[PDB]
$ cat work.pdb   # PDB, C-alpha atoms (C1' of nucleotides) and all ligand atoms
MODEL        1
ATOM      1  CA  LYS K 116      -0.212  -3.836  -2.801
ATOM      2  CA  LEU K 117      -0.582  -0.504  -0.976
ATOM      3  CA  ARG K 118      -0.772   1.276   2.396
ATOM      4  CA  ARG K 119       1.836  -0.515   4.502
ATOM      5  CA  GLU K 120       2.298  -1.091   8.231
ATOM      6  CA  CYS K 121       2.780   1.045  11.390
ATOM      7  CA  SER K 122       4.731   0.534  14.627
ATOM      8  CA  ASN K 123       1.481   0.665  16.599
ATOM      9  CA  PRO K 124       2.243   0.101  20.317
ATOM     10  CA  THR K 125      -1.259  -1.261  21.076
ATOM     11  CA  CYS K 126      -1.156  -4.384  18.887
ATOM     12  CA  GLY K 127       2.053  -5.548  17.262
ATOM     13  CA  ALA K 128       1.935  -4.646  13.545
ATOM     14  CA  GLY K 129      -1.817  -5.088  13.215
ATOM     15  CA  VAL K 130      -3.571  -2.130  11.537
ATOM     16  CA  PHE K 131      -4.078  -0.592   8.118
ATOM     17  CA  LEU K 132      -2.950   3.001   7.789
ATOM     18  CA  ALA K 133      -4.584   6.270   6.724
ATOM     19  CA  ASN K 134      -1.996   7.848   4.437
ATOM     20  CA  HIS K 135      -1.617  10.839   2.137
ATOM     21  CA  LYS K 136       0.809  10.793  -0.725
ATOM     22  CA  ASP K 137       4.448  10.404   0.432
ATOM     23  CA  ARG K 138       3.777   9.162   3.999
ATOM     24  CA  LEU K 139       2.632   6.211   6.097
ATOM     25  CA  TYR K 140       0.614   6.794   9.247
ATOM     26  CA  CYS K 141      -1.840   4.940  11.475
ATOM     27  CA  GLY K 142      -5.525   5.548  12.158
ATOM     28  CA  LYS K 143      -5.144   5.493  15.958
ATOM     29  CA  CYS K 144      -1.513   6.610  16.409
ATOM     30  CA  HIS K 145      -2.776  10.158  15.989
ATOM     31  CA  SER K 146      -0.377  11.731  18.512
ATOM     32  CA  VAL K 147       2.580   9.382  17.915
ATOM     33  CA  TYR K 148       4.420   7.541  15.063
ATOM     34  CA  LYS K 149       6.074  10.432  13.226
ATOM     35  CA  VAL K 150       8.431   8.447  10.947
ATOM     36  CA  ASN K 151       6.639   6.682   8.078
ATOM     37  CA  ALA K 152       8.016   3.214   9.037
TER      38      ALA K 152
ATOM     39  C1'   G M   1     -16.971  -1.541  -0.167
ATOM     40  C1'   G M   2     -18.122   1.733   8.049
ATOM     41  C1'   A M   3     -24.010   6.073  11.253
ATOM     42  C1'   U M   4     -19.173   9.341  12.749
ATOM     43  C1'   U M   5     -14.457  11.283  15.962
ATOM     44  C1'   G M   6      -9.586  11.987  14.379
ATOM     45  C1'   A M   7      -4.566  11.783  10.719
ATOM     46  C1'   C M   8       2.600  13.545  10.753
ATOM     47  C1'   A M   9       4.301  17.892   8.896
ATOM     48  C1'   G M  10       3.020  22.583   5.343
ATOM     49  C1'   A M  11      -0.927  28.453   5.221
ATOM     50  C1'   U M  12      -3.983  28.096   9.526
ATOM     51  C1'   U M  13      -6.044  28.579  13.822
ATOM     52  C1'   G M  14      -4.444  29.481  22.062
ATOM     53  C1'   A M  15       0.070  24.946  19.751
ATOM     54  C1'   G M  16       0.943  18.192  17.507
ATOM     55  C1'   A M  17      -7.245  22.545  15.840
ATOM     56  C1'   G M  18      -8.637  16.757  10.442
ATOM     57  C1'   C M  19     -11.734  24.396  13.170
ATOM     58  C1'   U M  20     -10.606  24.504   7.403
ATOM     59  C1'   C M  21      -7.417  22.050   4.016
ATOM     60  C1'   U M  22      -2.656  19.831   0.887
ATOM     61  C1'   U M  23      -6.395  14.000   2.422
ATOM     62  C1'   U M  24      -7.257   7.975   4.315
ATOM     63  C1'   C M  25      -7.863   4.260   9.035
ATOM     64  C1'   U M  26      -9.281   2.311  13.719
ATOM     65  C1'   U M  27     -12.835   0.226  19.253
ATOM     66  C1'   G M  28     -16.660  -1.079  15.729
ATOM     67  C1'   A M  29     -23.308   0.641  15.881
ATOM     68  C1'   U M  30     -23.242   2.887  21.334
ATOM     69  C1'   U M  31     -26.280   7.612  16.797
ATOM     70  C1'   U M  32     -25.911  11.598  10.792
ATOM     71  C1'   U M  33     -30.385  12.909  12.252
ATOM     72  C1'   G M  34     -37.009  12.523  12.242
ATOM     73  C1'   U M  35     -40.953  13.684  16.272
ATOM     74  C1'   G M  36     -42.089  14.676  21.544
ATOM     75  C1'   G M  37     -39.626  15.895  26.803
ATOM     76  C1'   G M  38     -35.945  18.421  31.543
ATOM     77  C1'   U M  39     -31.920  20.277  30.065
ATOM     78  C1'   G M  40     -25.691  23.839  30.459
ATOM     79  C1'   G M  41     -28.918  27.785  31.493
ATOM     80  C1'   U M  42     -27.124  32.452  36.907
ATOM     81  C1'   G M  43     -30.919  35.626  29.731
ATOM     82  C1'   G M  44     -36.859  33.675  32.990
ATOM     83  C1'   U M  45     -40.713  36.544  36.543
ATOM     84  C1'   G M  46     -38.917  36.607  44.948
ATOM     85  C1'   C M  47     -45.673  40.415  41.301
ATOM     86  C1'   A M  48     -47.257  32.414  42.314
ATOM     87  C1'   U M  49     -43.861  30.114  46.837
ATOM     88  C1'   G M  50     -40.904  28.458  50.373
ATOM     89  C1'   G M  51     -37.199  28.598  54.205
ATOM     90  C1'   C M  52     -34.200  32.571  55.617
ATOM     91  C1'   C M  53     -33.217  37.714  56.571
ATOM     92  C1'   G M  54     -34.401  42.892  56.971
ATOM     93  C1'   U M  55     -38.294  46.066  58.582
ATOM     94  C1'   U M  56     -42.879  47.708  60.913
ATOM     95  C1'   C M  57     -40.629  48.117  66.658
ATOM     96  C1'   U M  58     -35.396  48.543  72.499
ATOM     97  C1'   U M  59     -41.698  50.412  71.700
ATOM     98  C1'   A M  60     -45.056  48.309  75.424
ATOM     99  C1'   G M  61     -48.375  45.668  72.900
ATOM    100  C1'   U M  62     -51.964  41.367  71.960
ATOM    101  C1'   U M  63     -55.956  37.417  72.453
ATOM    102  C1'   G M  64     -59.495  33.817  73.804
ATOM    103  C1'   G M  65     -63.323  31.443  77.990
ATOM    104  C1'   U M  66     -67.972  33.266  81.259
ATOM    105  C1'   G M  67     -71.038  37.498  82.083
ATOM    106  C1'   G M  68     -72.623  42.851  81.199
ATOM    107  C1'   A M  69     -73.783  47.427  77.269
ATOM    108  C1'   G M  70     -75.521  47.657  71.996
ATOM    109  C1'   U M  71     -80.395  45.240  67.101
ATOM    110  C1'   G M  72     -75.369  45.309  65.017
ATOM    111  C1'   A M  73     -70.548  46.479  62.962
ATOM    112  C1'   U M  74     -68.612  45.464  68.082
ATOM    113  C1'   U M  75     -66.996  47.015  72.565
ATOM    114  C1'   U M  76     -65.816  46.033  78.245
ATOM    115  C1'   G M  77     -61.991  43.172  80.612
ATOM    116  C1'   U M  78     -56.843  45.531  78.301
ATOM    117  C1'   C M  79     -58.617  51.576  83.140
ATOM    118  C1'   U M  80     -58.992  58.673  86.165
ATOM    119  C1'   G M  81     -54.481  58.556  89.041
TER     120        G M  81
HETATM  121 ZN    ZN K 201      -4.944  -1.506  16.421
ENDMDL
END
$ encode --input "work.pdb" --output "structure tokens" --more "lines below"
Ligand SMILES: [Zn+2]
Amino acid sequence: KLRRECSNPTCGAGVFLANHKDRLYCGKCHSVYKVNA
RNA sequence: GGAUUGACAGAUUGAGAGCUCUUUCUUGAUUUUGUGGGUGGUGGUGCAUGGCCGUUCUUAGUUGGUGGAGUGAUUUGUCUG
């Protein structure tokens, strides 16, 4: 189980997340969502 | 098991440029590219045009209808004062 959830304002907890090592970050929250959940 | 944008911060780069990376998701086919066509084009010729303007040019000039002169190009009318 990998690649956990965002705080995406568009839909409530409903995306997978494009993440490097040691972070957690959405694929459309490109200008927002600094803290990795 | 996404044609492709773009992804915090760290050397960048006008900065939150994923421009390039240290690298993985979404609205989902509307285009990564294979011809053939305008293209942004102000880099294209006003020597192919319009339209406009300037000029010839604050000067007095121009033409056709009848008839005359000349075979005719053309003159006359449009003039000596
Ligand atoms: Zn979403």
$ atom_distance --input "work.pdb" --atom1 "atom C1' of residue 21 of chain M" --atom2 "atom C1' of residue 8 of chain M"
14.8 Å
$ residues_near_point --input "work.pdb" --point "(0.1, -1.9, 10.1)" --cutoff "6 Å" --atoms "only C-alpha atoms (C1' of nucleotides)" --output "ChimeraX atom specification"
/K:120-121,128-131
$ write_last_selection --input "work.pdb" --atoms "C-alpha atoms" --output "tab-separated table (two decimals), in the frame of the given file"
chain	number	residue	atom	x	y	z
K	120	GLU	CA	2.30	-1.09	8.23
K	121	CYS	CA	2.78	1.04	11.39
K	128	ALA	CA	1.94	-4.65	13.54
K	129	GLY	CA	-1.82	-5.09	13.22
K	130	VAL	CA	-3.57	-2.13	11.54
K	131	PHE	CA	-4.08	-0.59	8.12
$ resolve_selection --input "work.pdb" --expression "the PyMOL selection byres (((not hetatm)) within 8 of (chain K and resi 201))" --output "NGL selection string"
(:K and (123 or 125-126 or 129-130 or 143)) or (:M and (26))
$ axis_aligned_box --input "work.pdb" --around "segment 128-131 of chain K" --padding-each-side "4 Å" --output "lines of an AutoDock Vina configuration file"
center_x = -1.1
center_y = -2.8
center_z = 10.8
size_x = 14.0
size_y = 12.5
size_z = 13.4
$ resolve_selection --input "work.pdb" --expression "the PyMOL selection byres ((chain M) within 8 of (chain K and not hetatm))" --output "PyMOL selection string"
chain M and resi 6-8+16+23-26
$ atom_distance --input "work.pdb" --atom1 "atom CA of residue 152 of chain K" --atom2 "atom CA of residue 122 of chain K"
7.0 Å
$ atom_distance --input "work.pdb" --atom1 "atom CA of residue 137 of chain K" --atom2 "atom CA of residue 116 of chain K"
15.3 Å
$ decode --input "work.pdb" --residues "segment 117-149 of chain K" --atoms "N, CA and C atoms" --output "short mmCIF file (atom, residue, chain, number, x, y, z; two decimals), in the first residue's frame"
data_model
loop_
_atom_site.label_atom_id
_atom_site.label_comp_id
_atom_site.auth_asym_id
_atom_site.auth_seq_id
_atom_site.Cartn_x
_atom_site.Cartn_y
_atom_site.Cartn_z
N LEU K 117 0.75 2.08 -1.05
CA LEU K 117 1.64 3.20 -1.27
C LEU K 117 0.83 4.43 -1.68
N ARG K 118 1.51 5.59 -1.66
CA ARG K 118 1.13 6.83 -2.36
C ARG K 118 -0.22 7.37 -1.88
N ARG K 119 -0.22 7.84 -0.64
CA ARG K 119 -1.43 8.15 0.11
C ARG K 119 -2.03 9.50 -0.33
N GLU K 120 -2.99 10.01 0.45
CA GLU K 120 -4.04 10.92 0.00
C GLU K 120 -3.69 12.38 0.31
N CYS K 121 -4.23 13.28 -0.52
CA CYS K 121 -4.10 14.74 -0.47
C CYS K 121 -5.23 15.35 0.36
N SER K 122 -5.21 16.68 0.43
CA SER K 122 -6.31 17.51 0.94
C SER K 122 -6.85 18.37 -0.19
N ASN K 123 -7.09 17.71 -1.32
CA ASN K 123 -7.48 18.35 -2.57
C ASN K 123 -8.80 19.11 -2.40
N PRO K 124 -8.82 20.43 -2.60
CA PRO K 124 -10.06 21.19 -2.39
C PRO K 124 -11.14 20.92 -3.42
N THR K 125 -10.79 20.41 -4.60
CA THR K 125 -11.76 20.18 -5.68
C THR K 125 -12.74 19.07 -5.32
N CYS K 126 -12.23 17.86 -5.12
CA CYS K 126 -13.03 16.74 -4.64
C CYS K 126 -12.46 16.26 -3.31
N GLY K 127 -13.34 15.89 -2.39
CA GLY K 127 -12.90 15.59 -1.04
C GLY K 127 -12.22 14.24 -0.90
N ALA K 128 -10.89 14.28 -0.77
CA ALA K 128 -10.02 13.10 -0.66
C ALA K 128 -10.27 12.09 -1.78
N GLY K 129 -9.99 12.50 -3.02
CA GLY K 129 -10.35 11.67 -4.15
C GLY K 129 -9.37 11.57 -5.31
N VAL K 130 -8.07 11.64 -5.04
CA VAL K 130 -7.05 11.54 -6.08
C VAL K 130 -5.92 10.64 -5.59
N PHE K 131 -5.17 10.06 -6.53
CA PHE K 131 -3.84 9.54 -6.24
C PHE K 131 -2.81 10.64 -6.46
N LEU K 132 -1.60 10.43 -5.96
CA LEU K 132 -0.67 11.54 -5.72
C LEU K 132 0.70 11.25 -6.31
N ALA K 133 1.22 12.22 -7.07
CA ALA K 133 2.53 12.10 -7.70
C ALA K 133 3.62 12.54 -6.73
N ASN K 134 4.43 11.58 -6.26
CA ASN K 134 5.25 11.78 -5.07
C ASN K 134 6.70 11.36 -5.35
N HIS K 135 7.66 12.17 -4.90
CA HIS K 135 9.04 11.69 -4.82
C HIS K 135 9.21 10.80 -3.60
N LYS K 136 10.46 10.49 -3.29
CA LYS K 136 10.76 9.99 -1.96
C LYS K 136 10.58 11.11 -0.94
N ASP K 137 10.09 10.74 0.24
CA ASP K 137 9.93 11.59 1.43
C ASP K 137 8.98 12.77 1.20
N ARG K 138 7.86 12.56 0.50
CA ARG K 138 6.83 13.58 0.37
C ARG K 138 5.52 12.93 -0.05
N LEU K 139 4.50 13.76 -0.20
CA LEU K 139 3.16 13.34 -0.59
C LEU K 139 2.47 14.55 -1.20
N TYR K 140 2.08 14.46 -2.47
CA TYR K 140 1.73 15.67 -3.20
C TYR K 140 0.85 15.33 -4.40
N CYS K 141 -0.17 16.14 -4.64
CA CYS K 141 -1.18 15.82 -5.64
C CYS K 141 -0.69 16.08 -7.06
N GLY K 142 -1.48 15.59 -8.02
CA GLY K 142 -1.24 15.79 -9.44
C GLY K 142 -1.98 16.96 -10.06
N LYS K 143 -2.83 17.64 -9.29
CA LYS K 143 -3.47 18.88 -9.73
C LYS K 143 -3.38 20.00 -8.70
N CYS K 144 -2.89 19.71 -7.49
CA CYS K 144 -2.66 20.75 -6.49
C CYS K 144 -1.23 21.27 -6.67
N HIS K 145 -0.95 21.75 -7.88
CA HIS K 145 0.42 22.07 -8.27
C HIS K 145 0.91 23.38 -7.66
N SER K 146 -0.01 24.28 -7.31
CA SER K 146 0.35 25.54 -6.67
C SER K 146 -0.07 25.60 -5.20
N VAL K 147 -0.60 24.51 -4.65
CA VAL K 147 -1.09 24.49 -3.28
C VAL K 147 -0.65 23.17 -2.65
N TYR K 148 -1.11 22.90 -1.42
CA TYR K 148 -0.86 21.65 -0.67
C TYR K 148 0.63 21.44 -0.41
N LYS K 149 1.21 22.32 0.40
CA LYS K 149 2.63 22.19 0.74
C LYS K 149 2.91 21.01 1.67
#
